[PDB]
Structure formats: structure tokens, C-alpha cells
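Enquirer: First the structure, then my questions, so here it is.
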Number of protein chains: 2
Amino acid sequence: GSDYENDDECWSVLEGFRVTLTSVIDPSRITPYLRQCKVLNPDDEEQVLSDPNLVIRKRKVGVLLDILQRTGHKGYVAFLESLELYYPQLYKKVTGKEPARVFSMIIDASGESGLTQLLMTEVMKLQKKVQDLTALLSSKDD
Amino acid sequence: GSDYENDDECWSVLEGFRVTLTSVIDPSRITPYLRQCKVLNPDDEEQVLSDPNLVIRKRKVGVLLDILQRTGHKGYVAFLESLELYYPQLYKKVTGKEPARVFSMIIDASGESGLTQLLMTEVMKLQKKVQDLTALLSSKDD
Ligand SMILES: [Zn+2]
Ligand SMILES: [Zn+2]
């Protein structure tokens, strides 16, 4: 079957890629989204955000996988929820195929209006990010 | 602010800013949204995109206002809602206050999953525009 089971061993497809996941991904951006999926506890995001910066990001994602696997297949798909939104190429490599978009986890967990609020604020951050980049683009250090 | 009745009288709020809305807005980004708002028909998106560039973008939104006036309050709310997502400062000036967040129109029209998919792709067009600007913030004509 296609991963329909619910167990911690589900992570096998992500684990052999954690070498890249720890050096590329920053839990400091994805941990509030993992709250919406109801897999990540408030204690988990606190202990990972013990450093608010991206200094210890290598050990952050490493312990974060070990955190989300405590909920089994739940934390697996939840990591994919945050991943397909924030790191799409990281999903493409861990699975070997295109973004599936199994966002029915966060839909069931936080609600359709929950994910609508998430995406709606993310497009405002991105609308802000466009003017943020063209501001520094118009005046560089060359 | 806003109203409940179905007529051209509904538009009188947006009319005072019409000259700015027609020169600033591009139907090319708001037309696929207005499809899911169920106010814009497959003929209208064609007539405004008859010019692929920004050559006559002034009269594109001008004729689009007339399209959405046929549906009175439907097209009024739909233009507000697309303006609220795509042009936040234009919505801010036309209403006189912060985004009210009356996305309940496209929620009732295309469903919560409809707007969730529109926002999930909207973040990718913004990831495209943000990568477009960091590409130059990485390397310019200098
Ligand atoms: Zn699984
Ligand atoms: Zn009205």
C-alpha cells in the first residue's frame, strides 16, 4: 500500500535525506505551521527555537524529525505540509516525484479557514517581500 | 461601508477611485480569481486579454468594471475581494480603512477549498516574482 498505515517507521523516506534537510531547512520558519497540523506541541517549537536565529539549524531539523516522528505518520505528512509550501525541491528530492500536495492533514487539523488564513497572510509577506527585494535591487553594494 | 443591495448604485464607492483603479490594476492577475467568484464569464477574460501587454491596460479595467456592473453587487464585492488579495493599498484607499476580509463571497461561490487552491498557487506566482527579483539582487547589468 501507499503509506496508508500509521506508525513512526513511516519516516524511512525522509530519514536517508536528513543530511540535506538539516543543512537546507530552517525549523524557525516551519514550526508554527507544524502547530496547525496538530503534531508539533508548544514544548517542541520552544526547545527548537531555544536559538531564535539560524545558527544551530543543523541540529534543529535533526532533532525536529525525531520530534515529529513521536506522532508517527501524522508528523511525517505534517513535515511534508510545511515542506511543499516552504521547500518544494526538498519534497521533490525526498520523494523522487512532483509535489503531491496532501494538504488534507492541515485541512482536517486546523480547518480549511485555518489553511486559508495561513496562505492569505503568506501572500501578504510575499507581496511585502517583492518590494523588499526591488528596494535592495535598486540600491546595491556594487 | 459596503452594502447589501444589487444595483450599479452599489459601485458608487469604487467610482470615486475608478480613474486610479483602471490605470493601476491589471485584469491579467484578477480575471482567474473572478472566475471562481462566478461573476466573470470566459468571454470577458478574453476581451480584456485581447491586448496581451499593458498597452491599453487603462481601458481593460474600464470595460471590466462595466462587466461586473451587469451583476451589480456581485461584481462590486468580487472586485473588492480580488483588490483586497492582489492590491492591498488600492483596497485601503477605496474603502478608507484596513482590509475587512470579506472573502466569504468566493467561499460561498467556489468553496473554501477553491480559495485555498487560489492562495496555494498565488504563493507560487509570488515565489516566482521574489526569485525574479533576487536573481537581479544576486547579479545585475553592473
Ligand atoms: Zn506514512
Ligand atoms: Zn452592493
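Here, A, B, ... name the chains of the C-alpha cells in the order displayed, residue numbers run from 1 inside each chain, and ligands are numbered from 1 in the same displayed order.
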I'm after chain A in the frame of chain B: fit it by least squares over all Cα atoms matched in order, and give me the output as a compact mmCIF listing (two decimals) with C-alpha atoms, in the first residue's frame.
Expert:
```txt
# COMPACT_ATOMS: atom_id res chain seq x y z
CA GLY A 1 -27.20 49.92 6.12
CA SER A 2 -23.62 48.77 5.25
CA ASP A 3 -24.10 47.97 1.49
CA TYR A 4 -26.28 44.85 2.31
CA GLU A 5 -28.49 45.68 -0.77
CA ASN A 6 -27.90 43.99 -4.23
CA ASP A 7 -27.84 46.50 -7.18
CA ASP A 8 -25.42 47.92 -9.86
CA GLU A 9 -25.37 51.40 -8.12
CA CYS A 10 -23.28 49.65 -5.30
CA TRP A 11 -20.18 50.58 -7.41
CA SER A 12 -20.40 54.36 -6.36
CA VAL A 13 -17.52 53.85 -3.81
CA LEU A 14 -15.17 52.37 -6.58
CA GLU A 15 -16.29 54.62 -9.57
CA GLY A 16 -14.83 57.98 -8.32
CA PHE A 17 -11.43 56.15 -8.00
CA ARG A 18 -11.41 54.51 -11.55
CA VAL A 19 -9.01 57.34 -12.66
CA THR A 20 -6.35 55.61 -10.42
CA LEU A 21 -7.76 52.00 -10.79
CA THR A 22 -7.24 52.05 -14.63
CA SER A 23 -3.63 53.43 -14.43
CA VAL A 24 -2.51 51.11 -11.51
CA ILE A 25 -4.50 47.81 -11.92
CA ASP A 26 -4.00 45.14 -14.64
CA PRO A 27 -7.17 42.92 -15.35
CA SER A 28 -4.76 40.46 -17.06
CA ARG A 29 -3.79 39.22 -13.51
CA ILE A 30 -7.26 39.49 -11.71
CA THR A 31 -9.78 38.22 -14.45
CA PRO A 32 -9.20 34.36 -13.68
CA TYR A 33 -9.83 35.18 -9.94
CA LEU A 34 -13.07 37.09 -10.92
CA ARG A 35 -14.12 33.77 -12.66
CA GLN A 36 -13.86 32.01 -9.21
CA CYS A 37 -16.29 34.65 -7.73
CA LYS A 38 -18.72 33.54 -10.59
CA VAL A 39 -19.41 37.21 -11.62
CA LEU A 40 -17.03 37.45 -14.65
CA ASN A 41 -18.15 35.38 -17.72
CA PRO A 42 -15.57 33.63 -20.11
CA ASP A 43 -16.57 36.23 -22.80
CA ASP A 44 -15.54 39.13 -20.47
CA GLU A 45 -11.95 37.90 -19.76
CA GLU A 46 -11.59 37.13 -23.56
CA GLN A 47 -12.60 40.70 -24.67
CA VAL A 48 -10.33 42.32 -21.93
CA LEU A 49 -7.41 39.89 -22.78
CA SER A 50 -7.83 40.82 -26.53
CA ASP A 51 -4.44 42.39 -25.68
CA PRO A 52 -2.55 39.69 -23.51
CA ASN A 53 0.02 42.45 -22.68
CA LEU A 54 -0.33 45.54 -20.40
CA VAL A 55 -0.53 48.03 -23.36
CA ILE A 56 -4.24 49.10 -23.20
CA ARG A 57 -4.51 48.62 -19.31
CA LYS A 58 -6.15 52.14 -19.05
CA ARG A 59 -9.25 51.05 -21.11
CA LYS A 60 -9.04 47.40 -19.70
CA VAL A 61 -9.98 48.27 -16.04
CA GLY A 62 -12.36 51.02 -17.31
CA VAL A 63 -14.49 48.52 -19.29
CA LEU A 64 -13.92 45.77 -16.58
CA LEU A 65 -15.82 47.86 -13.92
CA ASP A 66 -18.64 48.30 -16.54
CA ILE A 67 -18.46 44.47 -17.00
CA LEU A 68 -18.59 43.38 -13.29
CA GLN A 69 -21.42 45.95 -12.49
CA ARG A 70 -23.67 43.77 -14.82
CA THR A 71 -23.88 41.38 -11.75
CA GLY A 72 -24.48 44.35 -9.33
CA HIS A 73 -23.15 44.07 -5.72
CA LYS A 74 -21.77 40.63 -6.76
CA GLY A 75 -19.19 42.12 -9.21
CA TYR A 76 -18.44 44.96 -6.70
CA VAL A 77 -17.41 42.57 -3.84
CA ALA A 78 -15.71 40.26 -6.42
CA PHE A 79 -13.52 43.19 -7.62
CA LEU A 80 -12.68 43.70 -3.87
CA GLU A 81 -11.86 39.89 -3.61
CA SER A 82 -9.24 40.17 -6.40
CA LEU A 83 -8.19 43.68 -5.16
CA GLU A 84 -7.41 42.87 -1.45
CA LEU A 85 -5.17 39.97 -2.64
CA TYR A 86 -3.41 41.69 -5.66
CA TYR A 87 -3.64 45.55 -4.83
CA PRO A 88 -4.10 46.14 -0.95
CA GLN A 89 -3.36 49.95 -1.04
CA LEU A 90 -5.96 50.33 -3.89
CA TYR A 91 -8.57 48.83 -1.50
CA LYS A 92 -7.32 51.07 1.39
CA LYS A 93 -7.87 54.19 -0.83
CA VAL A 94 -11.26 53.18 -2.53
CA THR A 95 -12.84 52.42 0.92
CA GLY A 96 -10.80 54.84 3.13
CA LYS A 97 -10.19 52.11 5.82
CA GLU A 98 -8.13 48.85 6.27
CA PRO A 99 -8.55 45.56 4.17
CA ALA A 100 -11.87 44.06 5.51
CA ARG A 101 -11.30 40.71 3.68
CA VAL A 102 -14.96 39.90 2.71
CA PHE A 103 -13.61 36.67 1.00
CA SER A 104 -16.96 34.88 1.79
CA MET A 105 -17.97 35.80 -1.85
CA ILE A 106 -15.28 33.54 -3.47
CA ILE A 107 -15.80 31.01 -0.55
CA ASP A 108 -19.59 30.77 -1.41
CA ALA A 109 -18.84 30.82 -5.22
CA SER A 110 -15.75 28.55 -5.88
CA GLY A 111 -15.67 26.87 -2.39
CA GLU A 112 -13.20 27.00 0.57
CA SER A 113 -11.03 24.39 -1.28
CA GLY A 114 -11.32 26.66 -4.39
CA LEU A 115 -9.80 29.69 -2.54
CA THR A 116 -7.35 27.28 -0.75
CA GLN A 117 -6.11 26.09 -4.23
CA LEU A 118 -5.86 29.80 -5.37
CA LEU A 119 -3.83 30.99 -2.32
CA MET A 120 -1.72 27.72 -2.27
CA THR A 121 -0.60 28.19 -5.95
CA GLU A 122 -0.08 32.00 -5.34
CA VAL A 123 2.42 31.16 -2.50
CA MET A 124 4.34 28.91 -5.06
CA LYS A 125 4.42 31.81 -7.60
CA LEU A 126 5.67 34.07 -4.74
CA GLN A 127 8.23 31.41 -3.55
CA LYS A 128 9.37 31.40 -7.26
CA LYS A 129 9.23 35.27 -7.31
CA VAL A 130 11.67 35.50 -4.31
CA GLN A 131 14.41 33.47 -6.16
CA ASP A 132 13.45 35.36 -9.43
CA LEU A 133 14.27 38.71 -7.72
CA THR A 134 17.43 37.58 -5.82
CA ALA A 135 18.68 36.13 -9.21
CA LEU A 136 18.41 39.60 -10.93
CA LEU A 137 19.52 41.30 -7.63
CA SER A 138 22.85 39.31 -7.52
CA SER A 139 23.58 40.41 -11.17
CA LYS A 140 22.22 43.88 -12.27
CA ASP A 141 22.98 46.45 -15.10
CA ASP A 142 25.07 48.84 -12.82
```
Enquirer: Pick out each residue of region 54-108 of chain A that DSSP on the backbone tags as helix (DSSP H, G or I); I need them as a ChimeraX atom specification.
Expert: /A:57-71,73-86,88-95,104-108
Enquirer: Write a file of the just-selected residues containing N, CA and C atoms, as a short mmCIF file (atom, residue, chain, number, x, y, z; two decimals), in the first residue's frame.
Expert:
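Dumped everything to out20.cif:
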```cif
data_model
loop_
_atom_site.label_atom_id
_atom_site.label_comp_id
_atom_site.auth_asym_id
_atom_site.auth_seq_id
_atom_site.Cartn_x
_atom_site.Cartn_y
_atom_site.Cartn_z
N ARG A 57 20.93 25.50 13.06
CA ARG A 57 19.94 24.88 12.11
C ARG A 57 20.23 23.38 11.77
N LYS A 58 21.52 23.00 11.78
CA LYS A 58 21.97 21.60 11.52
C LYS A 58 21.38 20.62 12.57
N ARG A 59 21.47 20.97 13.87
CA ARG A 59 20.89 20.13 14.95
C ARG A 59 19.37 20.38 15.12
N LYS A 60 18.87 21.57 14.68
CA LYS A 60 17.43 21.93 14.77
C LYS A 60 16.53 20.94 14.00
N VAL A 61 16.79 20.79 12.68
CA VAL A 61 15.99 19.88 11.81
C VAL A 61 16.22 18.41 12.22
N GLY A 62 17.47 18.10 12.65
CA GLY A 62 17.84 16.75 13.09
C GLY A 62 17.01 16.26 14.27
N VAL A 63 16.87 17.12 15.29
CA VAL A 63 16.01 16.81 16.45
C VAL A 63 14.51 16.96 16.10
N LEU A 64 14.17 17.89 15.16
CA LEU A 64 12.76 18.14 14.74
C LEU A 64 12.11 16.89 14.09
N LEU A 65 12.88 16.15 13.27
CA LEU A 65 12.39 14.88 12.68
C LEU A 65 12.10 13.84 13.79
N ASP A 66 13.02 13.78 14.77
CA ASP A 66 12.91 12.93 15.99
C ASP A 66 11.74 13.38 16.90
N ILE A 67 11.35 14.66 16.78
CA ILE A 67 10.18 15.23 17.47
C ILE A 67 8.86 14.81 16.78
N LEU A 68 8.74 15.10 15.48
CA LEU A 68 7.50 14.88 14.71
C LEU A 68 7.18 13.36 14.53
N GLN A 69 8.22 12.50 14.55
CA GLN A 69 8.04 11.02 14.48
C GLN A 69 7.35 10.44 15.74
N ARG A 70 7.33 11.22 16.85
CA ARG A 70 6.58 10.88 18.10
C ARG A 70 5.04 10.78 17.84
N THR A 71 4.56 11.41 16.75
CA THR A 71 3.14 11.30 16.31
C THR A 71 2.98 10.33 15.10
N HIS A 73 2.97 8.68 11.44
CA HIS A 73 2.64 9.10 10.06
C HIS A 73 2.09 10.54 10.04
N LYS A 74 1.44 10.93 11.15
CA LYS A 74 0.96 12.30 11.39
C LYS A 74 2.08 13.35 11.18
N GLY A 75 3.16 13.24 11.98
CA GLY A 75 4.31 14.14 11.89
C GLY A 75 5.05 14.08 10.55
N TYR A 76 5.11 12.88 9.95
CA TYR A 76 5.63 12.67 8.57
C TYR A 76 4.92 13.60 7.55
N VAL A 77 3.60 13.38 7.39
CA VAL A 77 2.77 14.15 6.43
C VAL A 77 2.76 15.64 6.78
N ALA A 78 2.77 15.96 8.09
CA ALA A 78 2.85 17.35 8.59
C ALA A 78 4.15 18.07 8.17
N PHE A 79 5.28 17.34 8.25
CA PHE A 79 6.57 17.83 7.76
C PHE A 79 6.48 18.10 6.24
N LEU A 80 5.79 17.19 5.50
CA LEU A 80 5.50 17.40 4.05
C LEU A 80 4.61 18.65 3.82
N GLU A 81 3.61 18.87 4.69
CA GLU A 81 2.70 20.05 4.64
C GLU A 81 3.50 21.37 4.64
N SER A 82 4.37 21.50 5.66
CA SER A 82 5.26 22.67 5.78
C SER A 82 6.32 22.69 4.65
N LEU A 83 6.76 21.49 4.21
CA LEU A 83 7.84 21.35 3.21
C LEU A 83 7.38 21.76 1.79
N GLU A 84 6.20 21.32 1.35
CA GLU A 84 5.72 21.59 -0.03
C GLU A 84 5.38 23.08 -0.23
N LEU A 85 5.12 23.78 0.88
CA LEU A 85 4.87 25.23 0.89
C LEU A 85 6.22 26.02 0.93
N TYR A 86 7.09 25.68 1.90
CA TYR A 86 8.36 26.42 2.15
C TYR A 86 9.59 25.91 1.33
N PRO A 88 9.98 23.34 -1.90
CA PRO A 88 9.33 22.42 -2.88
C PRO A 88 10.32 21.40 -3.53
N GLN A 89 11.57 21.85 -3.77
CA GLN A 89 12.66 21.00 -4.30
C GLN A 89 13.10 19.93 -3.26
N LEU A 90 13.03 20.27 -1.95
CA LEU A 90 13.33 19.32 -0.86
C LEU A 90 12.30 18.18 -0.83
N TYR A 91 11.04 18.49 -1.15
CA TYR A 91 9.99 17.47 -1.29
C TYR A 91 10.25 16.60 -2.55
N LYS A 92 10.51 17.28 -3.69
CA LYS A 92 10.85 16.63 -4.97
C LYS A 92 12.01 15.61 -4.83
N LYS A 93 13.03 15.93 -4.01
CA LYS A 93 14.16 15.01 -3.80
C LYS A 93 13.81 13.87 -2.79
N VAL A 94 13.20 14.20 -1.62
CA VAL A 94 12.87 13.17 -0.58
C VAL A 94 11.91 12.09 -1.10
N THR A 95 10.99 12.47 -2.00
CA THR A 95 10.01 11.52 -2.59
C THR A 95 10.49 10.95 -3.94
N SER A 104 -4.65 17.86 3.04
CA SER A 104 -5.81 17.37 3.80
C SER A 104 -5.49 17.09 5.29
N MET A 105 -4.18 16.96 5.64
CA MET A 105 -3.73 16.87 7.05
C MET A 105 -4.06 18.18 7.81
N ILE A 106 -3.48 19.30 7.34
CA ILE A 106 -3.69 20.63 7.94
C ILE A 106 -5.17 21.11 7.75
N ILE A 107 -5.84 20.68 6.65
CA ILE A 107 -7.30 20.91 6.46
C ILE A 107 -8.13 20.22 7.57
N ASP A 108 -7.86 18.93 7.83
CA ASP A 108 -8.53 18.15 8.91
C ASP A 108 -8.18 18.71 10.32
#
```
